[PDB]
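Colleague: Below: one structure in structure tokens.
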Amino acid sequence: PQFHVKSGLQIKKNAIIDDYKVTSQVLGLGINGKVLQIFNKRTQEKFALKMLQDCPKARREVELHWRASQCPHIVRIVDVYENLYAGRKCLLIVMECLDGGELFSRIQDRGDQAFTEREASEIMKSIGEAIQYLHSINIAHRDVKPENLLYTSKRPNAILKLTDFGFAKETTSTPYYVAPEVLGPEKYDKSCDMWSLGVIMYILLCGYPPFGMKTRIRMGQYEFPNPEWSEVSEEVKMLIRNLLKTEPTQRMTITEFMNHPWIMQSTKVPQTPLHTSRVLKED
Ligand SMILES: C[C@@H](Nc1c(Nc2ccncc2)c(=O)c1=O)c1ccccc1
């Protein structure tokens, strides 16, 4: 008998200062709180600390992230503390310190020798299975943006990981013949992750977003303007087109995305160079 099982979420109640040295160095800012760099007193290694005000909404978002941490392409939660900061109660999330910078920053800070079509596909597949894992366990991320994609280290061997579960939500409430519609109700959710994914691929290839701009998005109108898109194949554009469907119910599912040849065969796509890096050094 073999029985694979992992630990549940243990919310530690003791002061974080017992276990960790807390710096005044920032690695992330938002409206909801801050992300600081911390060191483990015992092991002496680098970590990230996300501070949130302790409301039931946050406690669930942590539970979803903790549940998601088993995925190699999702930033892993290590410890969760509930402490008293100021007068208010608050949550303290301990994560693996990702100091490899933002995704587009590292593509731009290459001093580029050009950036290939193949390497962009490798990036996409990794973000793909990050979404695939989430969707497979009924979690929609709902905030997949360039800011929330960070690399582990400064290494050229670094792993890309998806952060920020401040918008993640649970998509759930003989017979192997029944339809998925009859199996309970579900809103849009997962589809918006797929849109974000399509957006990211566009910016990855050329170097600019595809998009009354709020109308041009709702129209689904975007050029593939040259001489950037003159090198990219019809197959790739058709994939972006499938990911950039206006209608959510028409937009490609994650399972279909990962099955697609360009994604599945990350090591078969032509190694044709892109102008991406040059384009980012403008705005
Ligand atoms: C922008 C975002 N930034 C975020 C992160 N940054 C990391 C940095 C280093 N290592 C791991 C993660 C997260 O995690 C995360 O969420 C943020 C959200 C809420 C509050 C403040 C900031």
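All residue names refer to the structure tokens as shown: chains lettered A, B, ... in order, residues numbered from 1 in each chain, ligands numbered from 1 in order.
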Could you pull out the residues sitting within 6 Å of ligand 1, using only C-alpha atoms and all ligand atoms, and write them as a PyMOL selection string?
Modeller: chain A and resi 27-30+32-35+48+95-99+163-164
Colleague: Give me every strand (DSSP E) residue in range 122-185 of chain A, going by DSSP on the backbone, as a ChimeraX atom specification.
Modeller: /A:139-140,149-151,160-162,169-170
Colleague: Set out as JSON lines a contact list for range 173-256 of chain A and range 104-110 of chain A with a cut-off of 12 Å, giving each residue of range 173-256 of chain A that qualifies its closest atom pair and distance in Å to one decimal, counting only C-alpha atoms, ordered by chain and rising residue number.
Modeller:
{"residue": "A:200", "atom": "CA", "partner": "A:104", "partner_atom": "CA", "distance": 9.8}
{"residue": "A:201", "atom": "CA", "partner": "A:104", "partner_atom": "CA", "distance": 11.4}
{"residue": "A:203", "atom": "CA", "partner": "A:104", "partner_atom": "CA", "distance": 8.9}
{"residue": "A:204", "atom": "CA", "partner": "A:104", "partner_atom": "CA", "distance": 7.8}
{"residue": "A:205", "atom": "CA", "partner": "A:107", "partner_atom": "CA", "distance": 10.9}
{"residue": "A:206", "atom": "CA", "partner": "A:104", "partner_atom": "CA", "distance": 11.8}
{"residue": "A:207", "atom": "CA", "partner": "A:104", "partner_atom": "CA", "distance": 9.0}
{"residue": "A:208", "atom": "CA", "partner": "A:104", "partner_atom": "CA", "distance": 10.8}
Colleague: As an MDAnalysis selection string, please: the residues near residue 73 in chain A (cut-off 7 Å, only C-alpha atoms, same-chain neighbours under 3 positions excluded).
Modeller: chainID A and resid 126 130 160:162
Colleague: Let's have the selection written as an mmCIF file, in the first residue's frame, with N, CA, C and O atoms.
Modeller:
data_model
loop_
_atom_site.group_PDB
_atom_site.id
_atom_site.type_symbol
_atom_site.label_atom_id
_atom_site.label_comp_id
_atom_site.auth_asym_id
_atom_site.auth_seq_id
_atom_site.Cartn_x
_atom_site.Cartn_y
_atom_site.Cartn_z
ATOM 1 N N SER A 126 5.421 26.900 -19.292
ATOM 2 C CA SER A 126 5.611 26.946 -17.843
ATOM 3 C C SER A 126 4.469 27.691 -17.144
ATOM 4 O O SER A 126 3.945 27.216 -16.131
ATOM 5 N N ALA A 130 1.210 26.086 -14.813
ATOM 6 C CA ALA A 130 0.914 26.807 -13.580
ATOM 7 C C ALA A 130 -0.585 27.067 -13.491
ATOM 8 O O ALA A 130 -1.183 26.952 -12.421
ATOM 9 N N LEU A 160 10.522 30.164 -13.732
ATOM 10 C CA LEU A 160 9.488 31.191 -13.695
ATOM 11 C C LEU A 160 8.312 30.727 -12.840
ATOM 12 O O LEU A 160 7.780 29.635 -13.045
ATOM 13 N N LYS A 161 7.918 31.563 -11.881
ATOM 14 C CA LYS A 161 6.836 31.231 -10.953
ATOM 15 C C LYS A 161 5.780 32.331 -10.864
ATOM 16 O O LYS A 161 6.103 33.521 -10.895
ATOM 17 N N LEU A 162 4.522 31.918 -10.747
ATOM 18 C CA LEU A 162 3.394 32.841 -10.662
ATOM 19 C C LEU A 162 3.065 33.192 -9.212
ATOM 20 O O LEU A 162 2.885 32.304 -8.376
#
Colleague: When you count only C-alpha atoms, which of these residues is closest to residue 260 in chain A: A:128, A:72, A:87, A:1?
Modeller: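 Looking only at the distances to residue 260 in chain A, the closest residue turns out to be A:128.
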Colleague: Rounded to one decimal in Å, what is the spacing between CA of residue 179 in chain A and CA of residue 127 in chain A?
Modeller: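 The value is 28.8 Å.
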Colleague: Just how far from CA of residue 250 in chain A is CA of residue 147 in chain A, in Å to one decimal?
Modeller: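 Answer for the CA of residue 147 in chain A to CA of residue 250 in chain A separation: 26.8 Å.
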Colleague: Run DSSP on the backbone and grab whatever in range 39-280 of chain A lands in helix (DSSP H, G or I); send it over as a ChimeraX atom specification.
Modeller: /A:56-68,103-108,117-136,146-148,190-205,213-219,234-243,248-250,254-259,261-264,276-280
Colleague: I want to know what sits within 9 Å of residue 16 in chain A, based on only C-alpha atoms, with residues of the same chain fewer than 6 positions away left out; could you give that as number ranges by chain?
Modeller: A: 22, 81-83, 92
Colleague: Write out as a VMD selection string the residues lying within 12 Å of range 268-280 of chain A, counting only C-alpha atoms and excluding same-chain residues fewer than 2 positions away.
Modeller: chain A and resid 103 to 122 201 to 209 226 to 233 235 to 236 261 to 266 282 to 283
Colleague: Since we have the selection now, will you write its residues out, keeping N, CA and C atoms, as a short mmCIF file (atom, residue, chain, number, x, y, z; two decimals), in the first residue's frame?
Modeller:
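Generated file (out_37.cif):
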data_model
loop_
_atom_site.label_atom_id
_atom_site.label_comp_id
_atom_site.auth_asym_id
_atom_site.auth_seq_id
_atom_site.Cartn_x
_atom_site.Cartn_y
_atom_site.Cartn_z
N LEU A 103 9.27 39.03 -15.23
CA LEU A 103 9.48 38.30 -16.48
C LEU A 103 10.05 39.17 -17.60
N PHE A 104 9.35 40.26 -17.90
CA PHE A 104 9.73 41.14 -19.00
C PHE A 104 11.01 41.94 -18.74
N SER A 105 11.31 42.15 -17.46
CA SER A 105 12.55 42.82 -17.06
C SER A 105 13.77 42.02 -17.49
N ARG A 106 13.73 40.71 -17.26
CA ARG A 106 14.85 39.82 -17.58
C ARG A 106 15.00 39.54 -19.07
N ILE A 107 13.91 39.65 -19.82
CA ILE A 107 13.94 39.56 -21.28
C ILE A 107 14.58 40.83 -21.85
N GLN A 108 14.32 41.95 -21.19
CA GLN A 108 14.82 43.26 -21.59
C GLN A 108 16.25 43.52 -21.10
N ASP A 109 16.55 43.08 -19.88
CA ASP A 109 17.89 43.23 -19.30
C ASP A 109 18.81 42.08 -19.70
N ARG A 110 18.80 41.75 -20.99
CA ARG A 110 19.63 40.69 -21.53
C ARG A 110 20.89 41.27 -22.16
N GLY A 111 20.84 42.56 -22.50
CA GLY A 111 21.82 43.18 -23.40
C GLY A 111 21.72 42.39 -24.68
N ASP A 112 20.49 42.28 -25.18
CA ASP A 112 20.06 41.17 -26.03
C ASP A 112 20.94 40.80 -27.23
N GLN A 113 21.10 39.49 -27.40
CA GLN A 113 21.68 38.91 -28.60
C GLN A 113 20.50 38.38 -29.42
N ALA A 114 19.39 39.12 -29.37
CA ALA A 114 18.07 38.69 -29.85
C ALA A 114 17.43 37.65 -28.92
N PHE A 115 16.11 37.48 -29.06
CA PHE A 115 15.35 36.55 -28.22
C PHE A 115 14.45 35.68 -29.10
N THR A 116 14.67 34.37 -29.05
CA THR A 116 14.06 33.44 -30.01
C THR A 116 12.57 33.16 -29.78
N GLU A 117 11.91 32.69 -30.83
CA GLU A 117 10.51 32.26 -30.80
C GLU A 117 10.35 31.03 -29.91
N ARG A 118 11.35 30.15 -29.95
CA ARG A 118 11.37 28.91 -29.18
C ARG A 118 11.39 29.16 -27.67
N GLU A 119 12.23 30.10 -27.24
CA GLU A 119 12.36 30.45 -25.83
C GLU A 119 11.09 31.05 -25.24
N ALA A 120 10.35 31.78 -26.08
CA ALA A 120 9.05 32.34 -25.69
C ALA A 120 8.01 31.24 -25.45
N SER A 121 8.10 30.16 -26.23
CA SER A 121 7.21 29.01 -26.09
C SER A 121 7.48 28.24 -24.79
N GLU A 122 8.75 28.14 -24.42
CA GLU A 122 9.16 27.51 -23.17
C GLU A 122 8.60 28.28 -21.98
N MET A 201 1.38 36.25 -24.16
CA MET A 201 2.04 35.70 -25.34
C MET A 201 2.27 36.75 -26.42
N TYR A 202 1.30 37.65 -26.59
CA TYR A 202 1.41 38.74 -27.55
C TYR A 202 2.57 39.66 -27.19
N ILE A 203 2.60 40.12 -25.94
CA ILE A 203 3.66 40.99 -25.45
C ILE A 203 5.01 40.28 -25.49
N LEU A 204 5.00 38.97 -25.28
CA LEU A 204 6.21 38.16 -25.35
C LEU A 204 6.86 38.16 -26.73
N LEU A 205 6.04 38.05 -27.77
CA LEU A 205 6.54 37.90 -29.13
C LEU A 205 7.02 39.20 -29.76
N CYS A 206 6.17 40.23 -29.72
CA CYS A 206 6.50 41.52 -30.34
C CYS A 206 7.19 42.48 -29.38
N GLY A 207 6.54 42.76 -28.25
CA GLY A 207 7.08 43.67 -27.24
C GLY A 207 6.10 44.73 -26.75
N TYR A 208 4.87 44.68 -27.25
CA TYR A 208 3.83 45.63 -26.86
C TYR A 208 2.49 44.93 -26.64
N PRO A 209 1.64 45.49 -25.76
CA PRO A 209 0.29 44.94 -25.58
C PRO A 209 -0.53 45.00 -26.86
N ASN A 226 3.60 44.61 -38.93
CA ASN A 226 4.98 44.33 -39.32
C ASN A 226 5.90 45.52 -38.99
N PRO A 227 7.24 45.31 -39.01
CA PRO A 227 7.96 44.09 -39.37
C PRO A 227 8.23 43.14 -38.19
N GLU A 228 7.40 43.22 -37.15
CA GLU A 228 7.51 42.33 -36.00
C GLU A 228 6.83 40.99 -36.27
N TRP A 229 5.56 41.05 -36.67
CA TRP A 229 4.74 39.85 -36.85
C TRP A 229 4.89 39.21 -38.23
N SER A 230 5.74 39.80 -39.07
CA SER A 230 6.03 39.27 -40.40
C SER A 230 6.87 37.98 -40.35
N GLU A 231 7.49 37.73 -39.20
CA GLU A 231 8.34 36.55 -39.00
C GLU A 231 7.63 35.39 -38.30
N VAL A 232 6.59 35.70 -37.53
CA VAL A 232 5.85 34.70 -36.77
C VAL A 232 4.90 33.93 -37.68
N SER A 233 4.82 32.61 -37.48
CA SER A 233 3.99 31.74 -38.31
C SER A 233 2.49 31.93 -38.08
N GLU A 235 0.27 29.60 -37.53
CA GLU A 235 -0.12 28.72 -36.42
C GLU A 235 -0.14 29.46 -35.08
N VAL A 236 0.94 30.19 -34.80
CA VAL A 236 1.10 30.91 -33.53
C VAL A 236 0.06 32.02 -33.37
N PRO A 261 0.33 21.81 -30.32
CA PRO A 261 1.68 21.49 -30.79
C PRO A 261 2.78 22.49 -30.43
N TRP A 262 2.52 23.78 -30.57
CA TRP A 262 3.51 24.82 -30.25
C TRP A 262 3.92 24.77 -28.78
N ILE A 263 2.95 24.48 -27.91
CA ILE A 263 3.18 24.40 -26.47
C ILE A 263 3.74 23.04 -26.07
N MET A 264 3.11 21.97 -26.56
CA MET A 264 3.52 20.60 -26.23
C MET A 264 4.92 20.29 -26.75
N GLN A 265 5.22 20.76 -27.96
CA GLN A 265 6.54 20.59 -28.57
C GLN A 265 7.33 21.89 -28.46
N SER A 266 7.74 22.23 -27.23
CA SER A 266 8.52 23.44 -26.97
C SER A 266 9.92 23.37 -27.58
N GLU A 282 11.39 51.45 -24.45
CA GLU A 282 10.74 52.64 -24.99
C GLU A 282 9.82 53.33 -23.99
N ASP A 283 8.80 52.61 -23.54
CA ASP A 283 7.77 53.18 -22.66
C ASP A 283 8.30 53.48 -21.26
#
Colleague: Within 6 Å of residue 25 in chain A, counting only C-alpha atoms, which residues qualify if same-chain residues fewer than 2 places away don't, as a PyMOL selection string?
Modeller: chain A and resi 23+36-37
Colleague: Kindly save the residues from that selection, with N, CA, C and O atoms included, as a compact mmCIF listing (two decimals), in the first residue's frame.
Modeller:
# COMPACT_ATOMS: atom_id res chain seq x y z
N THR A 23 13.77 42.27 7.79
CA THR A 23 14.46 43.46 7.30
C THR A 23 13.49 44.59 6.96
O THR A 23 12.27 44.41 7.03
N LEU A 36 8.15 42.02 2.18
CA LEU A 36 9.49 42.28 2.71
C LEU A 36 10.40 41.06 2.55
O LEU A 36 9.92 39.94 2.39
N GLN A 37 11.70 41.31 2.60
CA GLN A 37 12.70 40.24 2.59
C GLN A 37 13.02 39.83 4.02
O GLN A 37 13.31 40.68 4.86
Colleague: In Å, rounded to a single decimal, give me how far CA of residue 210 in chain A is from CA of residue 281 in chain A.
Modeller: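 We find that CA of residue 281 in chain A and CA of residue 210 in chain A lie 17.1 Å from each other.
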Colleague: List the spatial neighbours of residue 217 in chain A as a list in words - criterion: any atom at most 10 Å away, only C-alpha atoms, same-chain residues fewer than 6 positions off excluded.
Modeller: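 Returned residues: residues 210, 211, 244, 245 and 246 of chain A.
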Colleague: Which is closer to residue 93 in chain A than all the others in A:165, A:132, A:142, A:153, using only C-alpha atoms?
Modeller: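 Among the listed residues, the smallest separation from residue 93 in chain A belongs to A:165.
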Colleague: Which residue out of A:177, A:196, A:182, A:88 has the minimum interatomic distance to residue 141 in chain A when only C-alpha atoms are used?
Modeller: A:196
Colleague: Rank A:185, A:137, A:129, A:14 by their smallest atom-to-atom distance to residue 259 in chain A, using only C-alpha atoms, and report the top residue only.
Modeller: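 Distance minimum relative to residue 259 in chain A lands on A:129.
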